[PDB]
Amino acid sequence: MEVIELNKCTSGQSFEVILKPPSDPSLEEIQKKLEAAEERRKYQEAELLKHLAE
Amino acid sequence: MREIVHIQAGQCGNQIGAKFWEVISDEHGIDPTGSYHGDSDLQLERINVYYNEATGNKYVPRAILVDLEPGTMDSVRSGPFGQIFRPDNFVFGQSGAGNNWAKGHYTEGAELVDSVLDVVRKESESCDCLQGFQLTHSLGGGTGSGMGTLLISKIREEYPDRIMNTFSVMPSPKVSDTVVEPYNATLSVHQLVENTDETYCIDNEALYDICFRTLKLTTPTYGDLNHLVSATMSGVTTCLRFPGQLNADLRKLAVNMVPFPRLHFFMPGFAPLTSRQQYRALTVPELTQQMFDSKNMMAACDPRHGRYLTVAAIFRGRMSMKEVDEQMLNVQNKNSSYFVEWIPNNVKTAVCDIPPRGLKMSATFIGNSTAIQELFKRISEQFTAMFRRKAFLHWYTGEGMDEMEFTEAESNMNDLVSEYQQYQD
Amino acid sequence: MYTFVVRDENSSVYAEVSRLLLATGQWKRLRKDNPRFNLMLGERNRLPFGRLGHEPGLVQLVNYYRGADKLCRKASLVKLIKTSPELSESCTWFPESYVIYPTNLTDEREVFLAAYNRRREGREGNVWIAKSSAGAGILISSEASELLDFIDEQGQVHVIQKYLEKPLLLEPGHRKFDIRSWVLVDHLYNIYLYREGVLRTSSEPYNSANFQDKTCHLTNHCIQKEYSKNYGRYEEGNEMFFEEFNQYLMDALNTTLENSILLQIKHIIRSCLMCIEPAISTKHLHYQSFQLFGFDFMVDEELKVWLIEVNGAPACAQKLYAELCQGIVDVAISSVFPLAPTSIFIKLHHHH
Amino acid sequence: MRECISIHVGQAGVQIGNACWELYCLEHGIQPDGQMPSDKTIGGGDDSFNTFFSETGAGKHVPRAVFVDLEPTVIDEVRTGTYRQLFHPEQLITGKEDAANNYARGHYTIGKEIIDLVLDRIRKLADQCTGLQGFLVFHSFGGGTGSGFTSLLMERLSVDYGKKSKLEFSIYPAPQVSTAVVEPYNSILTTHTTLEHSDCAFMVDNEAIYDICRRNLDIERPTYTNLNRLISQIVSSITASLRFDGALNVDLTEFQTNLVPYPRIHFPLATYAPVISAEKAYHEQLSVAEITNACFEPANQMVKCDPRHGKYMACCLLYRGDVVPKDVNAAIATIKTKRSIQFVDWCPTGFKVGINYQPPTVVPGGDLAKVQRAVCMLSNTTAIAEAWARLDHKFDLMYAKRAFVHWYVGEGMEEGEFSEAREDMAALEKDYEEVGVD
Ligand SMILES: Nc1nc2c(ncn2[C@@H]2O[C@H](COP(=O)(O)OP(=O)(O)OP(=O)(O)O)[C@@H](O)[C@H]2O)c(=O)[nH]1
Ligand SMILES: Nc1ncnc2c1ncn2[C@@H]1O[C@H](COP(=O)(O)OP(=O)(O)CP(=O)(O)O)[C@@H](O)[C@H]1O
Ligand SMILES: Nc1nc2c(ncn2[C@@H]2O[C@H](COP(=O)(O)OP(=O)(O)O)[C@@H](O)[C@H]2O)c(=O)[nH]1
Ligand SMILES: CCOC(=O)c1cn[nH]c1
Ligand SMILES: [Ca+2]
Ligand SMILES: [Ca+2]
Ligand SMILES: [Ca+2]
Ligand SMILES: [Mg+2]
Ligand SMILES: [Mg+2]
Ligand SMILES: [Mg+2]
């Protein structure tokens, strides 16, 4: 039961007690994901308009 | 400012839509002239959802009245709130549709559709941010059925990413106008399966049985049936027209109510349904027991024959919200055999403080139940009863249709029934 | 209308509780995967406790205490008695035991042999019994070489404990036995002891000069009904109930079951359950737990009681299923889900 | 002094952010008009509170915050509420129609169109920071914006501010306060794409905040204002070290060092006490030992789970009010001999303690009573995995039937991203078990 690194200031204090010792995607790659999904939306919408045109 | 554009087409379409505006206009304090006169700011909070604001603080419904004959809309124009509508929004022909889906979808209707879309486009352009469209109509006639579905097809072409909801009166031989109603209903249902996000199924027989048996009306009239629809339509749009911790637009509701694109046909319901013992106070248990009772549901389908995919319940009035949660959780946890266990928490509840005119508190029920397949089964059986003998087909082949298109509509709905059946096991 | 689910179809016990529940006409059984339930008769292994107590409006109750495995596992119990101060390493009612891991895998190999060599040097009885939970696989021997080599041939953790060389033998027969007590612990962590106990007796005469034949040493109901040739002679099914065994102790030992054996049994049950209460108590938890236990005891020629093991999913005596299962519904289920005596239990009061 | 920029995404994030900055102002003595009488340096200074507030020449103290929502109804309250004067219009960003609870919609469809506008507004606050530490991102798991757009903002912040730490305050979905059936989908989608971009995340389960409001505050049906006022006390207790003088958790980097030894396991459990009803005439003030003993009761945890059946990887005690180290260690000792505190063998069995003498601030007319001492415990336990298990299970029930999947595909997402995100959660759950179970 030891207290280590005790810091004291006007607004409070803080310390550490030890009980027992132990034993990314680039910016380019994000554009491709966003656009890829925008292309799948465009394709899906195309097949709808192609359906409605038929 | 999430605006909705309303469209009512045909005889049934316009007489039901008329009463709907009569009901909500009373709830928002709008008089027959369009001037506000309520006593609460909640009445104007979301007023622009269904009304436009004109000069002099006038509120004009965002509604388009459509029909192939003048008769019905002449009645609306001279009805109670007839004056409140926008004159330019009456679009109608003179030939009529003769209860023929083909006349409304392909011939007569095709001649009038463009002018209707001109008014729709005009209302949308004035929308800050259009939520979507709602259509009232029947499926058994010619205009609301055939031209109504033609309108949805053309509205989806021009507004592909807007929500399309409908209140569709399903035909019933008990409350029937013509023998061809199964033909017309079968043709429209395929259009709705493809081009609507939410369709509230109202079965004219359920409306009749409620007036006769529950409401104690010896001889119901179409007006009587339309009182129920008006009140139900007011109930399900409460989430949209008034404030609350809801904050849900058409698309948000569709996302949580429709687990599969084709199975978007709902059973609506209302409570109380009291006969004239009408001033008796109703408790939350009674409101809840009745709202889930089949006799309070308007699809003429027994929910105990299928399973609920999702269920929404709206409570109106000043009541114990804690007591509301206790009762809903009592209906579920007492009959969890009727809710699919593969959609966690598929029963959602919403509360509103403003009760319908002349009621301390009401409850509206919106259920996406696989039992609705019985509705499509009835229609399909009656369709095949005639189409097997090609009875009355000449009315349609004379308008340019072919038998092949009837066979396809047949197959399309028998498929729709099969889909509802696989999700019930 | 209460709803429950069944997730252990092999539970002869709760199969009768589920049968009785429906008999009341007030409990409704749901699918084994419907989360909207009040009571769960869950599975033995890997019960998903973490998914309990999260359904709005539902007060949920399960028939297993999460963490009770510390008591119903052979090796766990040994570690619990030795490391827990409540029981201490000098606990007088538990045979000196050791946790021995197979060499093909902390471990107490050297500590076990230390006491062994001490006994071999002191002329004392040095007979041990090796066993594990993965057994039907038991070996009784007096040579440490044979005990350790048997565990190395296996692949699971084992425990070596002192074999009771002076067991109390019933007469006539000169035969060994064991006592099974059922203990129910409800959501409030009250400890109830079933008034009816069973002595699973060996139909073979005990023999201390031959541990190879494990028919007179192992009082298991399956070993006597399988490898014993006197099964069902003295008592029906090698099972003597408390009424008879009590009369025997009077005629033979001039004592009673309560004084000579039962006080120690109640004391052991309390010590074991109180010890782990802070670790498994569902008092301030989001769900509630209860569990039935089967305590197996040994009695020596000095009328001193020893704790063999604790069963977490124990069976029951065929003559006591009705009375007991109903008792589980009175104090464990209906106490939290009431319905529209002279208790068959003995409340062992304690401090929480 | 290094600055911290807070980002509030979606309805939950914005409403919670509103509750936090209201509290921050009452704690730092800032008035709704932005003026701060005690601040003797007019229009400048590198004080502790300046990590969250910049200063204008006119003495106004402006929060270093951004509010982003894909619909204006929630952020409009900020523009007209009590603290409208604190923010300027650039700080509040609003769309015209939300994501409809559709992750794919907020991340792809709508997010792609507004992501560059948010980054620009954030860069403006960054250009006002002489040494930005990182970001605090508040959002919900279930919202289409909170889940879908947050994960995109995180990916970009990792690109535009590589060496910057990112923390989360995420709202776990609870049925008692939601009508959304698809929130499990959103929660698992957003945790998958955010996991490698977040250094530390504090999950708050609405179910926990809900019960604490009814049990301790005697509120039959709590509102969002009740829930958020309480949540802002925990957030305030967790951010105080960054806004006040001190030596523990003085910068965002120290949250990862003190609480996350393994990167993917960066979801500490929060426990707060006491929470006392203000309507109580007067309450018996709890002691250092009692409130510390409450840190191990499951009731006052931000995520309902049983830490008794997990292993601790770290533990941080943040006290506020009349507390001295002597009492702390006295209560700690009493609790080690009465509780089940099993640590992982590859971590010391210790506690870092931070004390701030200024007791918790209470919003006038709120629900929480004024207490003389309170504590928030941050502990990284494997027990919090129970929450991932529950959530992942709901996901499996609906995805087995592909329910509601067409709404996500319809917005440009591939069905495979579902299973790809699920397999990640399966990996996340396996990690907790490798570190917690034996
Ligand atoms: N604790 C708390 N939870 C909230 C609050 N507001 C919303 N939530 C939760 O957030 C979830 C819904 O997500 P929202 O934040 O409303 O959705 P969103 O981020 O605005 O995204 P959209 O779908 O586009 O509206 C539900 O589980 C709500 O319970 C709040 O103020 N406090
Ligand atoms: N140290 C010991 N001394 C004397 N007998 C012992 C003993 N260890 C085990 N036994 C005998 O073994 C039997 C119990 O074995 P154990 O309980 O360890 O295996 P098991 O758990 O598979 C049987 P059950 O669980 O049904 O009681 C008792 O009848 C007892 O006679
Ligand atoms: N509920 C209700 N149903 C109606 C009303 N009028 C007609 N119907 C039903 O609608 C079908 C006839 O369609 P109708 O609207 O008259 O045809 P249309 O005007 O050409 O579209 C039949 O099934 C009628 O039972 C009405 O006012 N109320
Ligand atoms: C509901 C009222 O219905 C009628 O009046 C009717 C229906 N068929 N013919 C007349
Ligand atoms: Ca013509
Ligand atoms: Ca200053
Ligand atoms: Ca990073
Ligand atoms: Mg007609
Ligand atoms: Mg055993
Ligand atoms: Mg929102």
# chains A, B, ... in the order shown; residues from 1 in each chain; ligands from 1

call {"tool": "interface_residues", "arguments": {"of": "chain D", "to": "chain C", "cutoff": "8 Å", "atoms": "only C-alpha atoms", "output": "list in words"}}
result
residues 175, 176, 207, 297, 298, 299, 304, 305, 306, 308, 309, 338, 339, 340, 386, 387, 389 and 390 of chain D

call {"tool": "interface_residues", "arguments": {"of": "chain B", "to": "chain A", "cutoff": "12 Å", "atoms": "only C-alpha atoms", "output": "VMD selection string"}}
result
chain B and resid 150 152 to 161 191 194 to 195

call {"tool": "write_last_selection", "arguments": {"atoms": "N, CA and C atoms", "output": "compact mmCIF listing (two decimals), in the first residue's frame"}}
result
# COMPACT_ATOMS: atom_id res chain seq x y z
N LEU B 150 -51.11 5.15 -61.87
CA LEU B 150 -50.35 5.82 -62.92
C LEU B 150 -49.69 7.09 -62.40
N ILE B 152 -48.63 7.60 -59.24
CA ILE B 152 -47.49 7.20 -58.43
C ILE B 152 -46.31 6.85 -59.32
N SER B 153 -46.56 6.11 -60.40
CA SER B 153 -45.49 5.75 -61.32
C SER B 153 -44.82 7.00 -61.89
N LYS B 154 -45.61 8.00 -62.27
CA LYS B 154 -45.03 9.23 -62.80
C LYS B 154 -44.44 10.11 -61.71
N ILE B 155 -44.97 10.05 -60.50
CA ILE B 155 -44.38 10.81 -59.40
C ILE B 155 -43.04 10.19 -58.99
N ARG B 156 -42.95 8.86 -59.01
CA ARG B 156 -41.68 8.23 -58.68
C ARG B 156 -40.63 8.49 -59.76
N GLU B 157 -41.07 8.66 -61.02
CA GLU B 157 -40.11 8.92 -62.08
C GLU B 157 -39.47 10.29 -61.91
N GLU B 158 -40.25 11.29 -61.49
CA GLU B 158 -39.75 12.65 -61.34
C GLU B 158 -39.18 12.93 -59.96
N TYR B 159 -39.58 12.17 -58.93
CA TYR B 159 -39.06 12.32 -57.57
C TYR B 159 -38.61 10.97 -57.04
N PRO B 160 -37.60 10.36 -57.65
CA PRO B 160 -37.27 8.96 -57.30
C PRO B 160 -36.86 8.76 -55.85
N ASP B 161 -36.32 9.79 -55.19
CA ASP B 161 -35.83 9.65 -53.83
C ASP B 161 -36.73 10.36 -52.81
N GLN B 191 -48.81 -2.38 -58.73
CA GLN B 191 -48.21 -1.05 -58.80
C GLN B 191 -47.72 -0.60 -57.43
N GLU B 194 -44.51 -2.09 -56.03
CA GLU B 194 -43.30 -1.57 -56.65
C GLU B 194 -42.98 -0.13 -56.25
N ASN B 195 -44.00 0.72 -56.11
CA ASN B 195 -43.79 2.16 -56.12
C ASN B 195 -44.26 2.88 -54.87

call {"tool": "residues_near_ligand", "arguments": {"ligand": "ligand 10", "cutoff": "12 Å", "atoms": "only C-alpha atoms and all ligand atoms", "output": "PyMOL selection string"}}
result
(chain B and resi 245-249+252) or (chain D and resi 8-15+68-75+94-103+106+139-149+180)

call {"tool": "select_by_dssp", "arguments": {"residues": "stretch 159-336 of chain D", "states": "strand (DSSP E or B)", "output": "PyMOL selection string"}}
result
chain D and resi 165-172+200-205+269-273+277+301+312-321

call {"tool": "write_last_selection", "arguments": {"atoms": "C-alpha atoms", "output": "PDB file, in the first residue's frame"}}
result
ATOM      1  CA  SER D 165      -5.538  12.117 -30.319  1.00  0.00           C
ATOM      2  CA  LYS D 166      -9.256  11.442 -30.719  1.00  0.00           C
ATOM      3  CA  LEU D 167     -11.638  10.501 -27.907  1.00  0.00           C
ATOM      4  CA  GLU D 168     -15.310   9.550 -28.064  1.00  0.00           C
ATOM      5  CA  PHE D 169     -18.374   9.887 -25.895  1.00  0.00           C
ATOM      6  CA  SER D 170     -20.768   7.414 -27.527  1.00  0.00           C
ATOM      7  CA  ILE D 171     -24.377   6.722 -26.527  1.00  0.00           C
ATOM      8  CA  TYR D 172     -25.180   3.003 -26.439  1.00  0.00           C
ATOM      9  CA  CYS D 200     -10.317   6.152 -26.238  1.00  0.00           C
ATOM     10  CA  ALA D 201     -14.121   5.953 -26.061  1.00  0.00           C
ATOM     11  CA  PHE D 202     -16.528   6.300 -23.128  1.00  0.00           C
ATOM     12  CA  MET D 203     -19.685   4.324 -23.888  1.00  0.00           C
ATOM     13  CA  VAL D 204     -22.796   5.478 -22.035  1.00  0.00           C
ATOM     14  CA  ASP D 205     -25.710   3.025 -22.117  1.00  0.00           C
ATOM     15  CA  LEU D 269     -16.172   1.690 -17.863  1.00  0.00           C
ATOM     16  CA  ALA D 270     -17.414   4.816 -16.086  1.00  0.00           C
ATOM     17  CA  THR D 271     -18.987   4.794 -12.616  1.00  0.00           C
ATOM     18  CA  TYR D 272     -20.245   7.898 -10.817  1.00  0.00           C
ATOM     19  CA  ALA D 273     -21.496   8.684  -7.301  1.00  0.00           C
ATOM     20  CA  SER D 277     -32.343  13.853  -5.739  1.00  0.00           C
ATOM     21  CA  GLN D 301     -22.220   2.286 -13.767  1.00  0.00           C
ATOM     22  CA  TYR D 312      -9.146  -4.874 -14.773  1.00  0.00           C
ATOM     23  CA  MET D 313      -6.478  -3.389 -17.034  1.00  0.00           C
ATOM     24  CA  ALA D 314      -6.436   0.078 -15.428  1.00  0.00           C
ATOM     25  CA  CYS D 315      -8.346   2.085 -12.849  1.00  0.00           C
ATOM     26  CA  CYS D 316      -8.601   5.842 -12.334  1.00  0.00           C
ATOM     27  CA  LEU D 317     -10.346   7.619  -9.453  1.00  0.00           C
ATOM     28  CA  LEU D 318     -11.343  11.237 -10.113  1.00  0.00           C
ATOM     29  CA  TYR D 319     -12.675  12.891  -6.953  1.00  0.00           C
ATOM     30  CA  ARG D 320     -14.297  16.312  -6.758  1.00  0.00           C
ATOM     31  CA  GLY D 321     -14.875  18.285  -3.581  1.00  0.00           C
TER      32      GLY D 321
END

call {"tool": "residues_near_ligand", "arguments": {"ligand": "ligand 9", "cutoff": "12 Å", "atoms": "only C-alpha atoms and all ligand atoms", "output": "PyMOL selection string"}}
result
chain C and resi 69+71-75+77+131-138+180+220+293-296+308-315

call {"tool": "residues_near_ligand", "arguments": {"ligand": "ligand 7", "cutoff": "12 Å", "atoms": "only C-alpha atoms and all ligand atoms", "output": "ChimeraX atom specification"}}
result
/A:24-26 /D:134-135,154-167,193-200,263-264

call {"tool": "interface_residues", "arguments": {"of": "chain B", "to": "chain D", "cutoff": "10 Å", "atoms": "only C-alpha atoms", "output": "PyMOL selection string"}}
result
chain B and resi 1-2+128-131+245-261+309-310+312+320-322+325+341-350+423

call {"tool": "write_last_selection", "arguments": {"atoms": "C-alpha atoms", "output": "tab-separated table (two decimals), in the first residue's frame"}}
result
chain	number	residue	atom	x	y	z
B	1	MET	CA	-39.89	22.65	-42.79
B	2	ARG	CA	-40.50	19.07	-43.97
B	128	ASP	CA	-38.43	24.10	-48.53
B	129	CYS	CA	-37.62	20.39	-48.22
B	130	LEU	CA	-40.24	17.93	-49.49
B	131	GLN	CA	-40.65	14.89	-47.24
B	245	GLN	CA	-39.92	13.62	-28.55
B	246	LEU	CA	-40.72	11.85	-31.83
B	247	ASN	CA	-38.85	13.81	-34.53
B	248	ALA	CA	-39.60	11.40	-37.36
B	249	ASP	CA	-40.12	12.13	-41.05
B	250	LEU	CA	-41.65	9.81	-43.64
B	251	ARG	CA	-38.29	8.23	-44.50
B	252	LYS	CA	-37.37	7.61	-40.85
B	253	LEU	CA	-40.70	5.86	-40.29
B	254	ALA	CA	-40.38	3.70	-43.42
B	255	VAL	CA	-36.88	2.63	-42.37
B	256	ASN	CA	-38.08	1.23	-39.05
B	257	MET	CA	-41.44	-0.19	-40.23
B	258	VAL	CA	-40.48	-1.88	-43.52
B	259	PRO	CA	-37.90	-4.67	-43.08
B	260	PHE	CA	-38.34	-5.79	-46.69
B	261	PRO	CA	-39.11	-3.52	-49.66
B	309	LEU	CA	-43.00	-7.69	-38.24
B	310	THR	CA	-43.22	-4.24	-36.63
B	312	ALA	CA	-46.28	1.34	-33.99
B	320	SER	CA	-49.93	8.46	-17.46
B	321	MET	CA	-47.09	7.86	-19.91
B	322	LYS	CA	-45.64	5.52	-17.29
B	325	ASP	CA	-45.41	1.83	-21.08
B	341	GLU	CA	-38.41	-12.74	-32.33
B	342	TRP	CA	-35.83	-11.92	-35.02
B	343	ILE	CA	-36.53	-8.17	-34.91
B	344	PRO	CA	-35.58	-6.96	-31.41
B	345	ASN	CA	-37.92	-4.32	-29.97
B	346	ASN	CA	-40.26	-4.27	-32.97
B	347	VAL	CA	-43.04	-2.57	-30.93
B	348	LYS	CA	-42.56	1.20	-30.64
B	349	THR	CA	-44.85	3.60	-28.78
B	350	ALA	CA	-45.37	7.35	-29.13
B	423	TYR	CA	-41.85	-14.82	-43.11

call {"tool": "decode", "arguments": {"residues": "stretch 317-363 of chain B", "atoms": "C-alpha atoms", "output": "CSV table (one decimal), in the first residue's frame"}}
result
chain,number,residue,atom,x,y,z
B,317,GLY,CA,-54.3,12.8,-24.6
B,318,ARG,CA,-53.1,13.7,-21.2
B,319,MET,CA,-52.5,10.3,-19.6
B,320,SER,CA,-49.9,8.5,-17.5
B,321,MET,CA,-47.1,7.9,-19.9
B,322,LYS,CA,-45.6,5.5,-17.3
B,323,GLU,CA,-49.0,3.7,-17.3
B,324,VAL,CA,-48.8,3.6,-21.1
B,325,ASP,CA,-45.4,1.8,-21.1
B,326,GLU,CA,-46.7,-0.6,-18.5
B,327,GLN,CA,-49.7,-1.6,-20.6
B,328,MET,CA,-47.8,-1.9,-23.9
B,329,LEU,CA,-45.2,-4.1,-22.2
B,330,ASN,CA,-48.1,-6.1,-20.8
B,331,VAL,CA,-49.6,-6.8,-24.3
B,332,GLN,CA,-46.2,-7.8,-25.7
B,333,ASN,CA,-44.9,-9.9,-22.8
B,334,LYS,CA,-48.4,-11.5,-22.6
B,335,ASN,CA,-48.6,-12.5,-26.3
B,336,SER,CA,-45.0,-12.7,-27.5
B,337,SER,CA,-46.0,-15.6,-29.8
B,338,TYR,CA,-47.4,-13.1,-32.3
B,339,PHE,CA,-44.3,-10.9,-32.7
B,340,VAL,CA,-41.3,-12.2,-34.7
B,341,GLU,CA,-38.4,-12.7,-32.3
B,342,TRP,CA,-35.8,-11.9,-35.0
B,343,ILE,CA,-36.5,-8.2,-34.9
B,344,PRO,CA,-35.6,-7.0,-31.4
B,345,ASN,CA,-37.9,-4.3,-30.0
B,346,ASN,CA,-40.3,-4.3,-33.0
B,347,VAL,CA,-43.0,-2.6,-30.9
B,348,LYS,CA,-42.6,1.2,-30.6
B,349,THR,CA,-44.8,3.6,-28.8
B,350,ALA,CA,-45.4,7.4,-29.1
B,351,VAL,CA,-47.4,9.8,-27.0
B,352,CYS,CA,-49.1,13.1,-27.9
B,353,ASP,CA,-50.9,15.5,-25.6
B,354,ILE,CA,-53.4,17.0,-28.0
B,355,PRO,CA,-56.3,14.5,-28.1
B,356,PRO,CA,-58.7,14.2,-31.1
B,357,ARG,CA,-61.7,16.6,-31.0
B,358,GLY,CA,-64.2,15.3,-28.5
B,359,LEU,CA,-62.0,12.6,-26.9
B,360,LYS,CA,-60.1,12.7,-23.6
B,361,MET,CA,-57.6,10.2,-25.1
B,362,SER,CA,-57.3,7.9,-28.2
B,363,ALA,CA,-54.9,5.3,-29.5
